[PDB]
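>>> So I've got this experimental structure, pasted below with the sequence.
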Amino acid sequence: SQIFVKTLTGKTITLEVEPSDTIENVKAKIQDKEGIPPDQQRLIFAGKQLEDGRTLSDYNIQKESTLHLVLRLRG
């Protein structure tokens, strides 16, 4: 399936994923598209920060869901 990642700058990124992908894996895919290190990515869905070690399946994220990317330089 695909999921979407809305950025602050405006662009929405489309990623090819599977339910077993970790949030880390999603951030790795964003880095391949956008050049943003996973370090600096905070992903949000339904108002909650997504943790790196959990899967898309753990968060019941299905195809065509939209995550929000927040850049966090550190604070």
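Yep, that arrived. Numbering: from 1, shown residues only.
>>> ok, and the closest non-adjacent residue to residue 25?
residue 17 (7.8 Å; Cβ to Cβ, 6 or more residues apart in numbering). Every C-beta, even on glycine, is put in place using the N, C-alpha and C of the backbone.
>>> ok, the one you found to residue 74 distance?
27 Å (Cβ to Cβ, to the nearest Å).
>>> likewise residue 1?
In terms of Cβ to Cβ, residue 1 sits 32 Å off from residue 74.
>>> Which one of those two is surrounded by more residues?
Set side by side, residue 1 and residue 74 show more neighbours around residue 1, with 13 against 5, by other Cβ atoms under 10 Å.
>>> Next up, the contacts around that one.
Neighbour list for residue 1: 16, 17, 18, 62, 63, 64 [criterion: Cβ atoms under 8 Å, 6 or more residues apart in numbering].
>>> Next: residue 44.
With Cβ under 8 Å, 6+ apart, residue 44 has these contacts: 50, 67, 68, 69, 70.
>>> Output the residues you listed as TSV; include the columns secondary structure, neighbour count and distance to residue 32.
Below are the contacts of residue 44 laid out as TSV (DSSP: H, G, I helix; E, B strand; the rest coil; neighbours: other Cβ atoms under 10 Å; distance: Cβ to Cβ, whole Å):
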residue	secondary structure	neighbour count	distance to residue 32
50	coil	23	18
67	strand	23	16
68	strand	15	19
69	strand	23	14
70	strand	12	19
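>>> which among the residues you listed gets closest to residue 11?
residue 69 (9.9 Å; Cβ to Cβ).
>>> thought the closest one was touching residue 40?
No - contact criterion Cβ atoms under 8 Å: residue 69 and residue 40 do not qualify, at 9.8 Å.
>>> Remind me which helix or strand residue 31 belongs to.
helix 23-34 (DSSP states H and E).
>>> List the contacts of the closest residue to residue 45 other than its chain neighbours.
Counting by Cβ to Cβ, 6+ apart, residue 45 lies nearest to residue 67, which is 5.0 Å off, once chain neighbours are set aside. Neighbouring residues of residue 67 by Cβ under 8 Å, 6+ apart: 3, 4, 5, 6, 26, 43, 44, 45, 50, 61.
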